[PDB]
Structures are given as structure tokens and as C-alpha cells.
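Asker: Here you go, one structure.
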Amino acid sequence: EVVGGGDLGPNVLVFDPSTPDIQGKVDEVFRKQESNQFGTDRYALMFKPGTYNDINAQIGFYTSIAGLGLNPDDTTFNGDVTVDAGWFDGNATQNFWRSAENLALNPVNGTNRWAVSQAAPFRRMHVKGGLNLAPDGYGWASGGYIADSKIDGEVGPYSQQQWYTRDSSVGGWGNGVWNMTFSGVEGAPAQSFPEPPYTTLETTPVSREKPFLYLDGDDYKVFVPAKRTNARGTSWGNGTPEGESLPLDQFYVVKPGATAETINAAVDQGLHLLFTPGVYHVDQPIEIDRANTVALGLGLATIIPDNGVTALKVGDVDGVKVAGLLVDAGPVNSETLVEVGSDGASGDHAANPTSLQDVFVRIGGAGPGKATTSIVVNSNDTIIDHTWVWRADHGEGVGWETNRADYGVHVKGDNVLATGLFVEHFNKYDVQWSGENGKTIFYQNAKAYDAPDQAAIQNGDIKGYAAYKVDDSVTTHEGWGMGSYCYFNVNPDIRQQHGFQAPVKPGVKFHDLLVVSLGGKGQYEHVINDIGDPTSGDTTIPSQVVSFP
Ligand SMILES: OC[C@H]1O[C@@H](O[C@@H]2[C@@H](O)[C@H](O[C@@H]3[C@@H](O)[C@H](O[C@@H]4[C@@H](O)[C@H](O[C@@H]5[C@@H](O)[C@H](O[C@@H]6[C@@H](O)[C@H](O)O[C@H](CO)[C@H]6O)O[C@H](CO)[C@H]5O)O[C@H](CO)[C@H]4O)O[C@H](CO)[C@H]3O)O[C@H](CO)[C@H]2O)[C@H](O)[C@@H](O)[C@@H]1O
Ligand SMILES: OC[C@H]1O[C@@H](O[C@@H]2[C@@H](O)[C@H](O[C@@H]3[C@@H](O)[C@H](O[C@@H]4[C@@H](O)[C@H](O[C@@H]5[C@@H](O)[C@H](O)O[C@H](CO)[C@H]5O)O[C@H](CO)[C@H]4O)O[C@H](CO)[C@H]3O)O[C@H](CO)[C@H]2O)[C@H](O)[C@@H](O)[C@@H]1O
């Protein structure tokens, strides 16, 4: 059999307004995690409700930080939750795999710094001041994601290339660079793309905030927010939100040596899943096939599928909420790494969809890794709300053929919604969409940097594979605020025909598309299909299309 809750383990650090020496304890964790890009250390830093002084929590790799009130101001720092780029000389483009949630910050000089790139979510926060998203010195950065937050002051992206903000409120917005996209953001500036580069939607068509651990006195529980349709502003701002409150004791609590058979036992049983911060090798797919199951990872908990298996398969059921996991490919090629629904998923899940939130996939970088497709999205009405699906461009075990990964995300279900979609470096199509009435709000892609010649990436009569392809027999699709970048470093004479590919049809629509060549390392011929300017020069200027077709 099994057994509910238990021990969060030595990787979940639980503070309150004693705990002696706080700076020192978060100081240590940062020293060991700051440069630790591909290590297997994992940590979640959890703060009980209360007020905390003379704090500055610098957050390194694979560190999550959060509060345990039901609401963010229940846990207040007079002080900072800080990400900077010291370890990389003010270059913030490797500042990955960390997170902040459910805290109020009163930043020591008036502005908190969160200078991150991909897979660094900022959720359910209240900043009582400004928010600077740039490293000190204002060097390179490539984030980013804010949801369900209230920034009393101005957000300053400065050097940030791109950004997505959802269902939030901001006291100001400083600038854009290439693609700043907003949905359901109060204080968002009006649609203006290309100058400034702002894509702005009054509302988010559907959203459902990511589940989180909190304290009910001396009782741990997981708050699980309900669906909001046409979401705008925060879910918490005018007080206690809609949801359901599940005790720790109704979760199976995964520590790094459970098997996929026991994780499974536990699900078949009716227990939810809470992954404690660690790395979990499995020899079978984790299989979630009960409705309303919650599978929540702390401290960037990571699943590695061995033996070429799929890591995670969700059945054809309502309401599964997968949140806060990194899926890291093994050296043996996996056919798929994550599947949501079966091969031909026909029913609906309108009222109670399945979602992936802060689900990150890595192929290579910490050793060789391979997978044919990373995420397959079969079930109708699925919500993909912040994902980074990343074929490693640096680190260990990468190479055009060494960490080969042809396909990033393939969407086959209908009425699927992606908000905050980041997918990079696949050998073939990064994103393919075959289902009907899909919607993407915000896309960031960089193409494979390692392609060795033009022939390698030939797509029939087309040079390259689109970063985002909508199948030709698709009738209805819409995308907002989307960019694809190239940096063909191995062979800069390569040409990429386009960033985007779609049939021409009145029901297929795109808004605010762009492609960019980074320092002239290769060029795009067009933006989408054979439409839009090629990129030219070595000067980093996007080519843009505002409206299509
Ligand atoms: O590393 C692997 C990792 O790589 C990623 O891809 C890399 C990619 O991110 C990188 O792209 C470079 C790109 O970011 C860079 O963008 C610049 C942008 O930084 C610049 O910002 C300016 C600010 O500099 C400026 O600062 C102001 C300052 O001048 C003044 O002193 O003070 C002001 C305050 O008072 C301050 O504001 O502010 C302005 C706005 O006011 C910003 O615009 O802006 C320019 C364009 O305007 C923009 O181009 O450009 C580089 C080239 O020029 C790019 O190279 O490129 C790498 C390649 O070398 C990529 O590898 C991937 O995504 C990850 O998957 C990989 O793992
Ligand atoms: O006390 C509250 C504040 O705490 C901060 O956290 C500290 C943290 O930011 C700091 O990180 C250091 C990095 O900033 C540093 O990175 C270098 C840059 O500083 C530098 O920028 C300069 C720029 O300052 C100057 O004005 O102009 C120069 C050029 O025109 C520009 O270069 O650029 C460097 C690269 O060229 C870059 O390396 O590197 C240090 C060493 O690794 C980091 O230490 O570290 C502190 C250590 O404890 C943190 O406390 C918050 O960020 C603030 O928001 C808080 O208010």
C-alpha cells in the first residue's frame, strides 16, 4: 500500500521570524547555488507568516522562495528577494530555474531586482515599490514571467529582450526592447507595437492560478485556485480567493528514492503528489489518471526518465494540475517526455481543464540527453501557463547529433491555450499545432545554434523548420506577441526561411510577430511564410509583421 503526508525532508527549509541567523542561512544556500547551473542540488526556502527584517535573499540556481500565508502580505520582507548576474559578469542570460511566490517585499532602496531569464517565475507577489528586471550594469537578459502580482511602483525591464505579464497590476512600465506582452494587466500600457514593442490584451481568456503550499496554523495545506475566465488584475487583491484547501495528509510526499510504481500506487489510491526538492530517476512513466489530481513540485524538483521511457503521462480526465517540475531527458532517447491525454483525445474539459504550470523541460546540458518530442498535448481545453522547453545550447552533452531533439511541443487537442510559451533550439519544429482554435499569448524562441550547414535543416523546398507551425488543414488559430531569434554560430552563412508557418485562412490570425538575427550569425529570409522583410546587417534589428494574413 502507501501513506499520506510525512517529512518535507532536509531540502525544504522552513523559517520563521526567529530562526537565528537568516541572512547567513540564505547566504550559504546562494554560495553553493549561485554558479551551480547543472548540479543536482535542489532547495525550497519557505517562510512562515510574519514580518522579516534586514533580509536580502539572493536566489541562485534551483532555489524556490515563498511565503506560507494564504495571502502574499501575510509574509512580508523588509528587504529583498534578489537575482543579479555577478557570477556571469552582468550577463543575466543563464539565470535560469528559480522562483519566487506568495510574498510581500518592501525593498531596501525602494526597488527589488529580479534579473532573470527563462524558467524563473514571479507569482503571487506584492512589491511595495519598483521592480527592476535588469542586472546591475544593465547587460544582457532574456526573461521572463510575472503572474498574479501587484507591483506598487514601476516595472523597469531596461535590457530585457522580452517579457510576459499576466493578470497583475503595475504602478508603471519602463520600456520595451523586442516583445513585451501583457494580458489582464492593470497599469499595462496600451497596445502600440512596434513602437514601443507592447502587445496588450485587456483580459486573459482563461487562467487558473498555480497551486501552492501554505500554513493553516500548524497545519500544512495546498491551496488550489479555481478557473477565472476573462481574467484581469490579481486573484487575491480584494481578498480571500476562490479555491479548495487540501491537507498535506492527502498528498503523497515524494522523496528521492520513491519509484514510479509507488508514486503511481499513491495516485491510483487517490493521493495527490508533492515532490520535495530533489532529482527523481524513474524507469516507468509517472501516470496521472484521476481527475483533479494535483502534482506539485517544490525547489525545482526534477524527473529524469531512464531507459527511454516517457516521464509523465496524464490521462483523459478533468482538472489535473501539474506545477513546478523540471523534466530532464536521459541519455537514452525518449519518444516523448510529457504527454497530456491519449493518442486521439476526443472529449472535452471546458469547465475543469488540465494544466501545466512552471513545467520546464531540458534536453542535455548536464550530460547527454535526447528525446524525439518533448511535450505532446492531446487533451482538449488544456492550459499551458508558463513553460520553457529547452534543448540545451551549452553545458555538457550537447551537440547537433549528441543532444538531438527534433520537436519541442506538439499541440493536437482543440481549444488549447498557451500563455507564456518559451521553446528553444530544437533540430526541427520547436512548436507544431494541429488542433483547432488554439491560442498563444506570448512566444519566445531561439533556433538551434549548432546546425552545421544549410542541408542539415532542409524542410523540403524550405530552408529551416519554423519555430512555430500551424498545420495547413487548421481552420481557427490565434497568436499574440511572438518572436523567434537565430544565432547560427557554427555556420553563420545559414539562412532560416521564416520564424512562423501557417495556412492562409481568415480564421488563422497572428498579431505582433518578429524575427531577429543575433549579431549577424545567420539571417531570416522572412518573418512568416514568405512574408515580412528578411533580417539584414549584424546590428540586431528585428523584422516585424503586425497583422496576418
Ligand atoms: O547564453 C545562452 C543562452 O542564450 C540565449 O540567447 C542569447 C541571447 O539572449 C543574446 O541576445 C543578445 C541581446 O540580449 C542583446 O540585446 C540588446 C539589449 O541588451 C539592449 O538593452 C538596452 C540597454 O542596454 C540600455 O541600457 C541603458 C544604458 O544604456 C544606460 O547607461 O542607462 C540606462 C538607464 O538609465 C539603460 O536603460 O537600455 C535600453 C533601453 O533604454 C536597452 O534597449 O538593447 C539592444 C537593442 O536596443 C538589444 O539588442 O543584444 C545582443 C547583441 O547586440 C544579443 O546578442 O544573444 C546571445 C548570443 O551571443 C544568445 O546566446 C538563449 O535564449 C538561451 O536559451 C541560451 O541558453
Ligand atoms: O543592499 C541591497 C541591494 O543588494 C543588491 O544585491 C547585491 C548584488 O546586486 C551584487 O551583485 C554584484 C553584481 O551587481 C556585480 O555585477 C557587475 C556589475 O555591478 C557592473 O555594473 C556596473 C555598474 O554598477 C556601473 O554603474 O556601471 C558599469 C558600467 O557602466 C557597470 O559595469 O557590471 C559588471 C560587469 O561589467 C558586473 O560584473 O558583480 C558582483 C560580483 O560577482 C556582484 O556582487 O552582489 C551583492 C553581494 O552581496 C548583493 O548584495 C540588489 O541587487 C539590490 O537591488 C539591492 O538594493
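By order in the C-alpha cells, chains are A, B, ...; within a chain, residues start at 1; ligands start at 1, following the order shown.
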Could you name the residues that touch region 165-180 of chain A at 9 Å or less, counting only C-alpha atoms, but leaving out those on the same chain fewer than 6 positions away, as a PyMOL selection string?

Answerer: chain A and resi 124+129-130+144-159+186-189+193-200+203-204+207+231-235+419-420+442+444+481-483+512-514+542

Asker: For ligand 1, list the contacting residues at 6 Å or closer, counting only C-alpha atoms and all ligand atoms, as a list in words.

Answerer: residues 93, 94, 138, 139, 140, 141, 142, 158, 159, 161, 177, 393, 446, 518, 519 and 540 of chain A

Asker: Using only C-alpha atoms, can you tell me which of A:248, A:263, A:55, A:405 comes closest to residue 2 (chain A)?

Answerer: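 Going through A:248, A:263, A:55, A:405 one by one, the smallest distance to residue 2 (chain A) is for A:263.
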
Asker: Applying 10 Å and only C-alpha atoms, which residues near residue 436 (chain A) remain after dropping the ones on its own chain fewer than 4 positions away? List them as a list in words.

Answerer: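 After dropping sequence-adjacent residues, the list is residues 380, 411, 412, 413, 414, 415, 416, 470, 471, 473, 474, 475, 476, 477 and 508 of chain A.
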
Asker: Quick check for you: according to DSSP on this backbone, which residues of region 238-405 of chain A are classed as strand (DSSP E)? Reply as a PyMOL selection string.

Answerer: chain A and resi 243-247+251-254+272-275+279-282+286-288+294-297+302-305+312-314+321-328+334-340+355-363+371-377+383-391

Asker: Just write the chosen residues, C-alpha atoms, as a compact mmCIF listing (two decimals), in the first residue's frame.

Answerer:
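Written output follows (selection.txt):
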# COMPACT_ATOMS: atom_id res chain seq x y z
CA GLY A 243 -10.40 27.62 -4.21
CA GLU A 244 -10.25 24.34 -2.29
CA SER A 245 -7.79 23.53 0.55
CA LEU A 246 -6.08 20.16 0.59
CA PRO A 247 -4.13 18.94 3.66
CA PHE A 251 -0.66 14.26 -0.62
CA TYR A 252 1.93 11.57 -1.21
CA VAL A 253 5.24 13.15 -0.44
CA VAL A 254 7.91 12.16 -2.84
CA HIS A 272 -2.13 13.88 -4.71
CA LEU A 273 1.62 14.30 -5.26
CA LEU A 274 4.07 16.71 -3.65
CA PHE A 275 7.61 16.40 -4.97
CA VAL A 279 16.14 14.62 -8.59
CA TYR A 280 13.93 11.62 -9.36
CA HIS A 281 15.03 8.96 -11.79
CA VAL A 282 12.12 6.77 -12.94
CA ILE A 286 4.55 8.70 -13.76
CA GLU A 287 0.91 8.11 -14.70
CA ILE A 288 -1.82 10.50 -13.54
CA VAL A 294 -2.50 17.85 -8.13
CA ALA A 295 1.18 17.16 -8.79
CA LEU A 296 3.19 20.00 -7.32
CA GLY A 297 6.99 20.22 -7.23
CA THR A 302 13.25 17.19 -11.31
CA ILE A 303 12.14 13.97 -13.04
CA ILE A 304 14.59 12.00 -15.19
CA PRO A 305 13.17 9.16 -17.29
CA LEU A 312 4.89 11.90 -17.23
CA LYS A 313 1.57 10.86 -18.78
CA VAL A 314 -1.76 12.44 -17.84
CA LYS A 321 -2.77 20.42 -12.25
CA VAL A 322 0.86 19.76 -12.79
CA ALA A 323 3.04 22.52 -11.34
CA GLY A 324 6.71 23.26 -10.69
CA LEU A 325 8.57 20.35 -12.19
CA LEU A 326 11.64 20.14 -14.39
CA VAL A 327 11.71 17.15 -16.73
CA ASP A 328 15.31 16.40 -17.76
CA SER A 334 12.73 9.14 -25.15
CA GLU A 335 9.99 9.18 -27.66
CA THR A 336 8.11 11.68 -25.62
CA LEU A 337 8.93 13.27 -22.32
CA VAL A 338 5.50 14.55 -21.34
CA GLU A 339 2.09 13.54 -22.66
CA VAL A 340 -1.20 15.18 -21.78
CA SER A 355 -2.93 22.49 -16.89
CA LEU A 356 0.84 22.51 -16.94
CA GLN A 357 2.30 25.40 -14.92
CA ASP A 358 6.02 26.10 -14.45
CA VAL A 359 6.74 22.89 -16.27
CA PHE A 360 10.27 23.05 -17.65
CA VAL A 361 11.88 20.50 -19.98
CA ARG A 362 15.64 20.25 -20.56
CA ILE A 363 17.35 18.11 -23.22
CA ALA A 371 14.06 13.00 -26.92
CA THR A 372 12.04 12.98 -30.12
CA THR A 373 9.20 15.24 -28.94
CA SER A 374 9.24 16.85 -25.51
CA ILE A 375 5.60 17.68 -24.76
CA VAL A 376 2.60 16.27 -26.56
CA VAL A 377 -0.68 17.99 -25.79
CA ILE A 383 -3.91 25.28 -20.34
CA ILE A 384 -0.15 25.64 -20.72
CA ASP A 385 0.72 28.56 -18.39
CA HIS A 386 4.45 29.21 -18.35
CA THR A 387 6.61 26.53 -19.89
CA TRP A 388 10.28 26.51 -21.01
CA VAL A 389 11.05 23.62 -23.32
CA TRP A 390 14.76 23.85 -23.99
CA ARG A 391 17.18 21.76 -25.97

Asker: For ligand 2, collect every residue having any atom at a distance of at most 8 Å from a ligand atom (counting only C-alpha atoms and all ligand atoms); output as an NGL selection string.

Answerer: :A and (56 or 58 or 79-80 or 82-91 or 107-113 or 132 or 135-139)

Asker: Applying 6 Å and only C-alpha atoms, which residues near residue 105 (chain A) remain after dropping the ones on its own chain fewer than 3 positions away? List them as a ChimeraX atom specification.

Answerer: /A:76-77,127-128

Asker: For those residues, write N, CA and C atoms to a file as a short mmCIF file (atom, residue, chain, number, x, y, z; two decimals), in the first residue's frame.

Answerer:
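Written file, result_33.cif:
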data_model
loop_
_atom_site.label_atom_id
_atom_site.label_comp_id
_atom_site.auth_asym_id
_atom_site.auth_seq_id
_atom_site.Cartn_x
_atom_site.Cartn_y
_atom_site.Cartn_z
N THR A 76 5.79 39.23 4.93
CA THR A 76 6.44 40.44 4.47
C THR A 76 7.95 40.51 4.77
N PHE A 77 8.72 40.82 3.74
CA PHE A 77 10.16 41.07 3.91
C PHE A 77 10.37 42.59 3.85
N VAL A 127 5.04 43.65 -4.48
CA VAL A 127 6.20 44.53 -4.34
C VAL A 127 5.78 45.94 -3.94
N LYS A 128 6.17 46.34 -2.75
CA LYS A 128 5.77 47.66 -2.24
C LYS A 128 6.88 48.66 -2.67
#

Asker: Fewer than 4 positions away in the same chain doesn't count, so skip those; otherwise give me all residues within 9 Å of residue 466 (chain A), counting only C-alpha atoms, as a VMD selection string.

Answerer: chain A and resid 428 to 432 447 484 496 to 501 528 to 529

Asker: Write a file of the just-selected residues containing C-alpha atoms, as a compact mmCIF listing (two decimals), in the first residue's frame.

Answerer:
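What landed in result.txt:
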# COMPACT_ATOMS: atom_id res chain seq x y z
CA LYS A 428 13.18 20.55 -36.38
CA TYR A 429 9.90 22.32 -35.46
CA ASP A 430 10.07 23.87 -31.98
CA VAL A 431 6.29 24.16 -31.84
CA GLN A 432 3.72 22.40 -34.06
CA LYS A 447 16.53 28.44 -33.16
CA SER A 484 11.95 33.83 -32.99
CA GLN A 496 16.27 30.39 -41.96
CA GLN A 497 13.30 30.90 -44.29
CA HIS A 498 10.94 32.08 -41.58
CA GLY A 499 10.04 32.10 -37.91
CA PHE A 500 6.39 31.15 -38.44
CA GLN A 501 4.47 28.92 -40.90
CA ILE A 528 6.12 34.16 -41.58
CA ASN A 529 5.66 32.06 -44.70

Asker: If you measure from CA of residue 73 (chain A) to CA of residue 102 (chain A), what distance in Å do you get, rounded to one decimal?

Answerer: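 For CA of residue 73 (chain A) relative to CA of residue 102 (chain A), the distance reads 7.9 Å.
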
Asker: What's the 9 Å shell around residue 265 (chain A), counting only C-alpha atoms, without same-chain residues fewer than 5 positions away, as a PyMOL selection string?

Answerer: chain A and resi 1-2+260+270-271

Asker: Write the residues of the preceding selection, restricted to N, CA, C and O atoms, as a CSV table (one decimal), in the first residue's frame.

Answerer:
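Below is the file part_36.csv, written as the result:
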chain,number,residue,atom,x,y,z
A,1,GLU,N,0.8,-1.2,0.0
A,1,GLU,CA,0.0,0.0,0.0
A,1,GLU,C,0.9,1.3,0.0
A,1,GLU,O,1.7,1.4,-0.9
A,2,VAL,N,0.7,2.2,0.9
A,2,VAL,CA,1.2,3.6,0.8
A,2,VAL,C,1.2,4.5,2.1
A,2,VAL,O,1.8,4.0,3.1
A,260,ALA,N,8.5,5.1,-9.7
A,260,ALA,CA,7.3,5.4,-10.4
A,260,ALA,C,6.1,4.4,-10.0
A,260,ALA,O,5.0,4.8,-9.9
A,270,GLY,N,-5.8,7.6,-4.9
A,270,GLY,CA,-6.5,8.9,-4.6
A,270,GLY,C,-5.6,10.0,-3.8
A,270,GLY,O,-6.2,11.0,-3.4
A,271,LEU,N,-4.3,9.7,-3.7
A,271,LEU,CA,-3.4,10.7,-3.1
A,271,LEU,C,-2.9,11.7,-4.2
A,271,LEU,O,-2.6,11.2,-5.3

Asker: Between A:8, A:541, A:185, A:66, which one has atoms that come closest to residue 256 (chain A), using only C-alpha atoms?

Answerer: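 Result for the nearest residue to residue 256 (chain A): A:8.
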